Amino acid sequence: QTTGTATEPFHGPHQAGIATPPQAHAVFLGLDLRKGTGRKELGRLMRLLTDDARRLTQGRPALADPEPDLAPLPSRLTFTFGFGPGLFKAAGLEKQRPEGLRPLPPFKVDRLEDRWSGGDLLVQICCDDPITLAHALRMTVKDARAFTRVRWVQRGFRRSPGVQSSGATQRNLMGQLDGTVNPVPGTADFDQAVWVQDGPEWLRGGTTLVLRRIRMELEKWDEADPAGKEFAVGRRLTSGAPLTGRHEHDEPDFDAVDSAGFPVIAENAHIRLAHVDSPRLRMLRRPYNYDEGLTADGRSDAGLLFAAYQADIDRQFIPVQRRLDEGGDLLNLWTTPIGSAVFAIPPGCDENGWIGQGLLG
């Protein structure tokens, strides 16, 4: 009943944390495999981590929990595990790597930093409470340290629980309503867009994650005229309505023109370039905001942990980003991708099973 006692099921055909409505906090933990971590070792690793998530998400201490009193109040804690391209070579399982699971191709907007890119193994931990989250992260590292090195850890947040109603769209650190057009969990379009059905059999019921750390150049954004800001996106700042409508969820009319005959939503508006007509081909956007550090003279380092889930990186992610990589895409003046990683996310498990057992077992 409480924000603190509420739980998310750990077991199911799918891993939690994907269809789960985004919780208030997230940590994306990126791990590289140690020299001796092969197929057997990854099995022991995933069995450890599986049981940790199984207990902690239900508010129970992990086995050998160093802080058992931090286990209760799970606050909708979820774990989502993902396998990077390198994990299949280390496992001797190159035959099982999906064809599209590989570093994204270069984009003109890219300013990618190694310290925010790549990784053999992802542990994505989401939770409505940051103390519960912190404990879950320590326990993960307690069992992963023998097998892996920490490549990076990216921390993000959304609104605190209760600040806005459930399902209402939340704003990003540019002040924009962010998440209006999105596959809805528990619809035909969602399952077909998100859950893998083709390709190697182990991944069916899983998905893929494209995780891109995108900096917001807020100093430049601030000085941008507000009417220019709406022209660049294709929607109004306060209402979130498309420029052709009046309410946030009005459907963007990409054929409307104005008095002078010009498109109401501009040719390079961000919702035009990013739109895909076929809903079943769309990506699931499930981002978190980040805010990290200030320089001496007061420049912010903040932006978006852009988390995209799709059944097929080549069909559903790369074309959109390629289309965004154009010159007239005005949002590129104010955003800069500084990190890129891709992960194959296995199906869920039941009792007696473990995450990744279909691949590594």
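Note that residue numbering begins at 1 and tracks the sequence as displayed.
Set 287-295 against 95-103 and average the Cα temperature factors; 95-103 ends up higher.
Legend: mean Cα B-factor per stretch from the PDB entry, 155-163 versus 114-122; the higher mean is in 114-122. Based on the entry's C-alpha B-factors, the most elevated value among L177, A71, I214, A227 belongs to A227. Among all modelled residues in this chain, the alpha-carbon of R54 has a temperature factor (C-alpha) in the lowest third. In this PDB entry, the Cα temperature factor of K108 sits in the top third of its chain's modelled residues, the highest group. Split the chain's modelled residues into thirds by C-alpha temperature factor. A26 is in the lowest one. Residue-level temperature factors show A307 in the lowest third of its chain, judged at the C-alpha atom. For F88, the recorded CA temperature factor ranks within the highest third of the chain's modelled residues.
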